[PDB]
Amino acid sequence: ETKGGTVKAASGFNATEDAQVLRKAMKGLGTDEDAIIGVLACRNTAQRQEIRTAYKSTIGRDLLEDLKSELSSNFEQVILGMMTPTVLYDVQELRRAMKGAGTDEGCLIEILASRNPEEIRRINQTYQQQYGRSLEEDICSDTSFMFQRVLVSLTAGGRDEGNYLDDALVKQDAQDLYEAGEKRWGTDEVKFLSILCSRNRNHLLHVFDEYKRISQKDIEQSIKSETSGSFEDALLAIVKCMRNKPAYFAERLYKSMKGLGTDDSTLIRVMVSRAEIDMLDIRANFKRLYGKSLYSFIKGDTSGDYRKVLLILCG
């Protein structure tokens, strides 16, 4: 296959025996990590929830608690992320990004620029239920000025939906972005915020093309020269997710691994969250952009059982 996810529903699914295999893998000194991977990375997220249920009822134990106790470090993080329902995983990642003194702005941007409208609503509902604060409120206490405004707009949605295309308004929006940045002293960043957070995807694709026609620059090139900081990063992520969301994630993956070190938090979250959606597309775009396979990047930059499970999520 060449598009869609890498992890699919397993055939012959037997949740009671999967639970047995996982218990045997952990019981006693030592762990059979290959069995844990060979079951869980070959079940989709829905099926992993059925295994959690069957493990409680037939093992009389808590599968997430046992996995947490038995596994450590990056391997634990991937397996626990894989075990978590989609909405709650995003909720937990947003909370972790804001918990305590720091802020993981890159995570906030990645999730809030890339999730679809219904996903965003579910995240808001579950975050508030779980923590007793709204996501918007936590974003406002962790961010300021224009960056706060873009993230709050992304949480509120309200972007025009659907695809109707008014050629005259496309032209005026492109002219207005040109006049708000490149053509003027300073940048009217509210105009950037307004157009990029309010227009529907189809309109914006047409605005980007027109912007290039009238300025000789890609809109990303003008966002980079005209804005800075986390606000710039947020605008770029919105543009990239509009143009080609799999290539946005391919870039996140490349930047998490290229050069010194690995940003494991980002590598893990992207691999877990996109495995069932568009990982095949992400792979194809990664190879197009970087002329190396995603598989070979993971293989070359990680090790151990962590590596083995990421390579299966990659396919």
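Residue numbers run from 1 along the displayed sequence.
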- prompt: Looking at the entry, does 84 to 92 or 99 to 107 show the higher mean C-alpha B-factor?
  reply: 99 to 107
- prompt: Comparing 144 to 152 with 72 to 80, which stretch shows the greater average C-alpha B-factor in the deposited entry?
  reply: 144 to 152
query: For the listed residues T31, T266, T45, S57, which one has the largest C-alpha B-factor as given in the deposited model?
result: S57
query: Between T227, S114, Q125, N244, which carries the biggest CA temperature factor in the record?
result: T227
query: Compared with the other modelled residues in the chain, in which third is the CA B-factor of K287?
result: middle
- line: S293: C-alpha B-factor third of its chain, per the entry, is the lowest
task: Would you please rank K255 by its C-alpha temperature factor against the other modelled residues of its chain and give the third it falls in: lowest, middle or highest?
output: middle
- request: Relative to the other modelled residues of the same chain, rank the CA B-factor of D66 and answer lowest, middle or highest third.
  value: middle
message: Taking only the Cα B-factors deposited for this chain, tell me whether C197 sits in the lowest, middle or highest third.
response: highest
